[PDB]
Each structure stands twice: as structure tokens, then as C-alpha cells.
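Residue numbers (PDB author numbering), protein chains in the order written: chain F, 1 to 179, 211 to 632, 662 to 671; chain E, 206 to 716; chain A, 308 to 358; chain G, 54 to 81, 88 to 126.
Idealized CB from N, CA, C, for every residue including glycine.
One structure is given here, and the rest of the page talks about it.
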RNA sequence: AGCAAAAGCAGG
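Here it is, written out as C-alpha cells:
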């Protein structure tokens, strides 16, 4: 006899059993090799996407920069990031006409936050790119680095404590011709963006090569993303800032609002999918135009300090990475070759696919780091791109499509789910071809390979699969369910809090969460050796546990790390442990516990010796 | 505080039509919509347009699996053919440093013939692995009989092991200028690997690996009492689940893998410069006796300095085996089988007295794969998550909300079996077992081929459900899906078998 | 050691019988040395056959 | 062994070894053993003060809502 | 030799 899980997937509904196609219960593949090849291929691809677009060299950089906007209309259905700014502006105009007062209110929220904000918040990031060592490093060291170099500079904003003056003086000394780095080299070094191959990319075969920005642009993107968070919060079609079960309800609510078919003489289909090349075919020029339109009738300085992000998006010279590691076959010897010399080396040592890639990029190499700005930086949490693409969905208000058919839905950073109506398959085909065309006229490229379309009731979006009324979700996988490794007092607390967060936010059912706590306490005891008092397992410690366990008066009322039982369950997870045990304990134990005489302070808590 | 140079960069960042920031700002602030979009649309080429089509019933051809050599196993430890030398139920207070429990179990078995190879490797040097195994046995007897009981033993350097791990195989870093004169150099042999064809062996391994073993293989402790309703529902679901799962052979692989990877990571973080012996030791409680430390097989860990987690560590692995090779020589092109004599199995009549062979293959795993093989209890948990998701879906479509409706009833409601001119149906037991083992093999044969296949089969199967329920689905480009699937089907047998399963599913579904 | 490890019920040592000759505390501390030596060797050394 | 770190003040209160003899603290502050904790909780000063529910009595209020 | 992949390890 043969066996197959695919036939349980035959009968069973696909969306409910969809997790069976979620094989991520094991380590992600990762990139052992330097991502630089994938980086070169991505840059090759985007510059091929905009090859019709002209480029002109930027001043003081030496670098070709391509501006796809006002390029021609594309020729073929193969994607291409060709758009027209007028589309963007009329889109935003229809948006503000639809949502009056939203722009000014979000603008005022941006004013008050920039006035109240402080530098202290940004430094709690992960792996901002430092420029001194020319390598990605933590953010605290990054802030120390920039404030000390600024103390060396003629500016004094690091002493101010405020943030927008800090950004301004960053800009001022950034315009300086020397720090020990000349102006051209310094502007190439400030705009530089590490390549840093993607890790943990679940659901592909080749790698995206997420590139990351530096701290200096981080505050500008922070301000503009705060605006985006405000405006999307006041929006009803965003998917990113809306989250949890509220987002879960928002999905169902928009499909409710559009699936209601009054005078249902018209058939209806509801696309889902994934807009390929999102980080490539988009552009910062459209973002700058949007920004200029969004803060209409506002303080001019605010306009400028929020327009500064898309311009430095509009010219960026990311690195390539480490380089390669050539090797001798006969003599059997190898060496790493930093690609900073790659604009000098012959084209014979390499692999042929690699060779053709080099000659494609070798013209586009200035200081060795590749220059490009027809396309967005890979893997930023921009979400103003959602503010863009949602306007397309807003165009399908029947006032403004000005025809019988019309679209609407929601759209996160890469996923999208339209909902249309028209009197026939022919009319729906007409309107959806119109949409796809429009969406390309703004420079957004809906893939024709890994997308699809269907009657209403079933549609994917952001992995929150929505069958007719069921809203199963597989956004993020369960993580670890193991100890945090600090002490027997808080590790347990940390684990329970993590479990609570992931049952309240995500779809950790209680049926698995009790089992998770079960594995957690197993690991807790096996790590700190401290099984139950009333047991038969041996270790170092078990003497004192079998001692205290009879020493007590109330037996089950004991903390777990000393012989105690675990009274937790899904009812009482937010609370700590000793609150649940306190008045179930006798005064001897309780007096021994909470006492300042302990060196431990909470007596279970402590600091381990460093190693 | 723009300083103008930013106004320079800005004016250079804009579209070609507008040459300044200020004219841009004035245009935008003085902007209005005039219906440009319709002129743009009518202006456009009609070629640029996404045309729907009927994703018809007969359209999706059977995905063609790649052709080439047969698929070959790559697991870090064999799965069906292995066996375990029991310890026969030691006491409860006696802890054991694992070497001595292993040694006790190896000491239990007699039936060791002279070693002579049974399978020609066809590459490498088979005698050297024979002499490696010899070194192992000799080192073990010699340490334990006549030394001061070392907790952990690291082997002696020899021609055999040092060959099988290649401590000389490393080349050395050098500068560019000194070697640029050389022309032998190449960037790297960075290219696609050899194709592989599906075969029957992996299917048999899976069938055996879903099957019930006899022991219990996992315990589970107590938690705070149950008062609220949702607590009771969680309790009953998890109890059903673990009771059904515990008698798996998948769970056997789970605890085996976890102990193996924990031991290796302990060693590598704690010991790098030394060939270490470790057993594939696992703790299992007998259904009717005491805790039993099973000895699956020995390991000879190779030296491991992990400057990064991604780095590979190589080693040698010895796991005993009853079933002969040469019945399925395609399954291993990689093993190096020895003969180690007879083991006197007892059947209901007579005595079997089958020979005993050993599969001293070599390998190398990772740091990362070791971590994620340590965390397969998560994978068990994930199987539970999936089943619970199924049941909550059935509870949303029907307000009965009855877990008990499926967990225990004798009702043929789940097909997982394909037979000649037939389809078999099973209960939730076999299916929980199977989902688990699928996830375990995902954890064992994790490979980007799998993830690509998973996404693409997911999208196409979703489309096929949309089709089979008469939801008028459409797809713009389909052969893109097929070629990308064929791109991701490179060599991995598990991927290949999921693909043949997809195929036969298409056929028996008829979409 | 396994059998001594089995038993729990160890109070503090205080003599119960006056020897009336010699020095009782010294034998108490001898027994203390025994227990300490045994726990210390077995927990954190390379398993010496004879101590 | 000796995961835990703590001051020299503990050295006065508790011995270097327990009844079995296995050690609670040793010098190269002093490293302390987890056994040292479970020796406190068997024998230590018992005091009926309720100052520590200064703020920990808050969580009891949240549990009264449950039960 | 191996691991595993459109690039790296096989110690520095």
C-alpha cells in the first residue's frame, strides 16, 4: 500500500487545511554565500525594468541615476516601472476629496509629535549601518558614534537633546567638505546602504537580498512613517498598521461592504495575489510628489524636513557586499577577493553567468558601490506605498471610474485583494484589464504568474485566508517555546508572557498553548534540574527538594523552581506565579521569600557569572 | 536648514519635465485633476493588458517530474532500517554519563563477525572506513576496561578518521596579489547540481515512518486545574493528540534527533579540536517497565570551529542495521556497508539468525540545522496547531463545535491512501500520525526546493479548490507556475514525492 | 554512593554518646569529611575508581 | 556548577556545605550554588511582615475579578 | 570523500 497526505487535502477544504502547505516547521534555508551575486542580479533586473527610461549623471557623485517617470508607456505585458506623476496627483486628489480633513489632521499629529519627539527613541533599533567601520553594527554604538563625530563637527545639536535640530545639523555638516573625508566621498558614504543577504526568507528558492539603511536616514523615514501611520489609522483600507483581530475584522468588513449585491443582475469576481517587484518598480519620485501634495497648506519647514527622505531615496549607492572567494583546482588554494576592485579585474576568472552580470554592472560602478535609483530599497516597512496603491482601489468608487464596473478592497505592502462588479464575464474582463492597465500607469506591476481570480467568498490576503466567513490566519510561525536564559524567577515569567502575547495577537489556540506551557515547564525543570519534590528522578539538587517538600505545611502551594507544581493554565497567564501561590503558602516560606536580607534582591532572582 | 545643496540634489531628483523644487511645489499646490487618466488609457498600447482565461478542468497537465539518475537518501540518520540495542530497564536513581549506557548496551550483544565490506562505495576508500570502525571498537574496550572511567572519550588521530574528515582538505586564505599571477583560479563552481529522478525507496521509508511502533516514546506532566470551559476543551484536545502521537515512529525520530543534535551542539560549543565519540542515545519509557536508554548508533564527530552558525561541520555516523543492502542499492550511493555478523532474532517459530550490517556513512550537518533539529518539539506542536485549525474551521461552518465528533468516532472520513484501483480511508489517528511525520520530514529534508514547491503547490491547489467548487477561477499565466515548480524540483526526494503525490492527486481528484 | 544517594533524612551531626575518652568532636568532623569528599569527587571529577 | 553570583554577605548566614556536604558557595563576592537557594527556603528567618505586597497586592485584585 | 546548493564550508 502507498500513502499520501494530498488526498486528505483533496476532500478537505483548502483554506482550512492550508497549513498543510505551510511546511515551515524546520530551519529556513539561508544564504551560506555572499549575497552580492543576488544583489547584482536584483540591480540588473530593476535597471532592465527601466531601460526605456533615460538617466543623467548626478552632480558630485559620478553616478548614473535613472528617472523612469515621464518615460514612455510600456510596450509589452512584461512588467516595467513606467509611471506618470499626474496619475499620482489625481489619485491623491480623489483621495482627499473622498476623505476630507484627514490630511490636515494627520499633518497636525505630525507637527505635535515632531515638537514632542526626542532622539532617545530611535537608538532602540536593530542593526543600523555605521559608516566608520563600513559595516552594519548596533544602534546604541551608532548613536554614540554620530554624536561624538558631531561634537568634533562645528554643530552642537547632540547637546540639544531634541531631534529635528539634530537632523538639521546632520544635514549641515553633511554639506561640509571635510569631517577626514572629502565631500564627494562623504556623500557617497552617507547614502551608502549595506547589501546583507536575506535570511529566513520562507517560501522561495532564490534570495531577495534585503538591503538596510543607516541611522541618518532612519529619523526621516521615522517621521514620514509616523505620518503614514496616522493617515493609515484614519484610513479604513490599510492593512499594515491595523492589526490583530481588528485587522481580522477589517478584512471581513470590507468584503461585507462590497459583497452586498443590491440589484444583483451582475456577476462578481474578487482578485487576490501578490504584486511582484514591489520594491523594484516603485520609485521615490512618486513618493516625493505624494508628500508635496499631502502636506498642502502647512509650515514650509515641515514640508522640507519631510520631503528630505524621498530625495535621498532618489539617489542611493548601495554596496555589493563582501566579494567572492576564488579557488585553485590543481594547486588547491583559495582567497577572498573584495569586490571594491571588481571594476578593475579581468573577466576570465569568473563564472559565465557571473561574467555577463559583471559587464552589465561594471559600467554602473563608482567607488565600487553600485548606484541606482529607479527602484525602492529592498525590504523597508515603507507603507506609504500602501497609501499609494490604496488610492487605486479608491478610484473604483462608482463616482470616479464613471462607468458600470468598479473596484475596491485593501492592500498591504505587497499583497492586494480587489473586489469588482460588472454585468458579465466580458464586463468584468473589461474592468479588470482597465485596472491592470491603470495600476501599471502608476508604476505598479501585478504579476500574471502567481496570482489568480475567483468568485466572491474565497480570497487570500497577507496569509489571512478568507473563505466565505472563515478567517484562518498563518501570518507568523510559533517561535521557540523555550526559556529565555536569565534566572529561575523571570525566565518563567518571560515564557508565560510570551505565550500570552502570541495567543492574544496571533492564532495560538489554547489547545496548543497548554501544550506549549507543558513543554516550557519541562524545559525549565530539565535546565534548572528542579523537578517535582514528590518524584523519583535524580540530579544534584533533588536532595533539598525532597527535604523542603516534607518540610512544608502547604505542599502544592510552592513555587516551581523549588519543587513546586505549576498551577498556570490559559485562564491565569498574565498574572505572575507567586501571586497565585501567596496566600496558599505558610508564613515560614513566605517570610523566607520576601526579605531584604537576601542577596538575591524575588529571592529566586539573581545575576549569573559572565563567561 | 536645507543649505541649497539639498535643493540641488532635490531638483536633480525630480522628473524631467520639472527642473526645480519650487516649480514642482507650486504645480502640486496649484494642482487639480482634469481627467488625464482616460487620455493615458486611450493613448496606451492595447498589447499591455492582462487578459483572463478559463482555467479549465482539462487544462492543467500532469506536472512532469525531472528525469535523471535515481533519487538518493541524505538523512543524517537512517530511519526504517535502524535498530536499537536496549539497556533492559535500569534503575531509577542511577544516572548515567551516556557512553557507559551505550557501552553496556553494546556489551549486551554478541554476534560480531569479522568486518568485511558488503557494498562497494564506488568512490572514496571502503577499507579505510572498515578500519575506522575497528578503531572505534578497540578504543571503547580499551578505555573502559583499563582506565579511570573518563566521562567523555575523544578518539585517537589516525589515517582512517583523518581521511574521512579531511583535516588536510582545507586550503588557506591568501592575498590577491600573490595569486592573481595564477590562472588555475576560478570564482567557484557555482552552478545547478545534478538532476534526480523519483524512485520508490523514499515512499517505503515514509510508509514505515508513519507506522506505529510499540513503545510510548514520550511522557507528559500535569498543569493547573481546569475550571473555565475553554480549559476543558484544550485539555481534551491535547490529551487525544499526545496519546495518538506518542506511539509513532515519527516521535521516535523526534526524540532521537533532539538528543543527537543537543549532544552535538554541547560538544561543538564545548569541544572543537577533538574527534569525539557520541552515541545516538535516546531515553524511552517502556509501556510496561522502566525507563530505557536505547543505543541506536555510535557517532564520530569531526572537528568543529564555528566562526559562523551557517558553517558546516562534518563527521562520521555508525548506525546498526539488519536489512541487507543490494535490495535497493539506489537508496544509498553514499553509505559504506560493513558486515558485523549475525543477530539471533526470535520469531514465533524457530530463530531467524539474520546477518547484521553496519552503515558507516559520512556526513556534515551545520550549527543551524542542529538547532532546528533540537527544536522539533515545536514541530509536534505545529501538527497540533494544524489539526486544531481544521477543527475550528469545522466548528465555524457548523456550530456544533464538537471536537469529540471527530477525535474518537469510528468513522471513515479521512483519505490518505492510494491503492491499485482504490483509495483507502482512515481515521484521525493515522492522519495525525501522517501530518506529524510530514512535518518531521520537513524538518529533516528542509531545503529551498521544498519552500518553493510549497508556495507554488499552495497557489495552484488553492486555484484547484476554487475550480472544483465551481467558483469560476482564472489564471493569467500558468506555464510560469509549471516551469517554476519544475525549477524547484531539482533533486530532493521528499520534494519529488510531494510532486508525484500532487500528480496522482490531480488524477484521482480529476480536479 | 548510589545507595547513600537513595536515602534522605540527614540531620545535622551532633554526638549522642560521650566517648568518655578520646575526642568525640574529631570523629564528628571525620564523618563530615567523608560525606564532603564523596559528594565532591563524584559530582565534579573524572570518576575515580577508588578514592 | 555555580551558575549564580552573589555578594559576600551571604557567607555569614549559611555554611559552605550542607548535610550531604555538597557545596553552596566557593571562592576563586563568592559564587553560590542553586542548592544554596533551596537551603534558604528550608531554614531561614520567618517574619510575618506584609510590606512586600506594597505593590504585589495589586495582582490579587486582578485575581478576585476572576474567582 | 562529504555537506549543500544557481555559493561556502571542508579551521584560523
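Own chain partners of residue i with C-beta closer than 7 Å, once the 5 adjacent residues on each side are dropped
| i | result |
| --- | --- |
| residue 274 of chain E | 399, 401 and 402 |
| residue 225 of chain F | 129, 136, 242, 243 and 350 |
| residue 587 of chain E | 644 |
| residue 95 of chain G | 67, 77 and 78 |
Cutoff 8 Å: residue i Cβ touching any chain F Cβ
| i | result |
| --- | --- |
| residue 314 of chain A | no |
| residue 577 of chain E | yes |
| residue 331 of chain A | no |
| residue 623 of chain E | yes |
| residue 74 of chain G | no |
Those residues which DSSP pairs with residue i across a bridge
| i | result |
| --- | --- |
| residue 259 of chain E | E:679 |
| residue 135 of chain F | F:130 |
| residue 629 of chain E | E:622 |
| residue 562 of chain E | E:526 and E:544 |
| residue 358 of chain F | F:365 and E:391 |
| residue 322 of chain E | E:543 |
| residue 481 of chain E | E:359 and E:506 |
| residue 486 of chain F | F:300 |
| residue 440 of chain F | F:449 |
Status (buried if at least 16 other CB within 10 Å, exposed otherwise) for residue i
| i | result |
| --- | --- |
| residue 501 of chain E | buried |
| residue 639 of chain E | buried |
| residue 412 of chain F | exposed |
| residue 466 of chain E | buried |
| residue 114 of chain G | exposed |
| residue 557 of chain E | exposed |
| residue 507 of chain E | buried |
| residue 643 of chain E | buried |
| residue 243 of chain E | exposed |
| residue 192 of chain E | Here chain E has residues from 206 to 716 only, and residue 192 of chain E is not among them. |
| residue 63 of chain G | buried |
| residue 227 of chain F | buried |
| residue 491 of chain F | buried |
| residue 562 of chain E | buried |
Interface flag, residue i vs chain A, CB-CB below 8 Å
| i | result |
| --- | --- |
| residue 88 of chain G | no |
| residue 567 of chain F | no |
| residue 193 of chain E | Since the displayed chain E opens at 206 and closes at 716, residue 193 of chain E lies outside it and no answer follows. |
| residue 669 of chain F | no |
| residue 571 of chain F | yes |
| residue 586 of chain F | no |
CB contact check: residue i to chain E, cutoff 8 Å
| i | result |
| --- | --- |
| residue 354 of chain A | yes |
| residue 318 of chain A | no |
| residue 309 of chain A | yes |
6 Å Cβ shell around residue i - same chain, five flanking residues per side excluded
| i | result |
| --- | --- |
| residue 440 of chain E | 431 |
Chain-order list of residues whose beta-carbon lies under 8 Å from that of residue i (same chain, five-residue window excluded)
| i | result |
| --- | --- |
| residue 92 of chain F | 321, 324, 325 and 422 |
| residue 596 of chain F | 563, 587 and 589 |
| residue 356 of chain E | 302 and 304 |
Residue-chain proximity (residue i, chain G), Cβ-Cβ < 8 Å
| i | result |
| --- | --- |
| residue 342 of chain A | yes |
| residue 622 of chain F | yes |
| residue 309 of chain F | no |
Distance cut-off 7 Å: residue i Cβ against heavy atoms of the ligand MN
| i | result |
| --- | --- |
| residue 365 of chain F | Among the components of this structure there are no ligands whatsoever, and the ligand MN is therefore not found. |
Contact between the stretch 257-268 of chain F and the stretch 107-116 of chain F: three or more CB pairs below 8 Å? yes
If you pair each beta-carbon of the stretch 398-414 of chain F with each one of the stretch 422-429 of chain E, do three or more pairs fall below 8 Å? no
Decide if the stretch 523-539 of chain F is in contact with the stretch 215-222 of chain E; the criterion is three or more beta carbon pairs, one per stretch, under 8 Å apart. no
Within 8 Å, do at least three Cβ pairs link the stretch 491-500 of chain F to the stretch 460-480 of chain F? no
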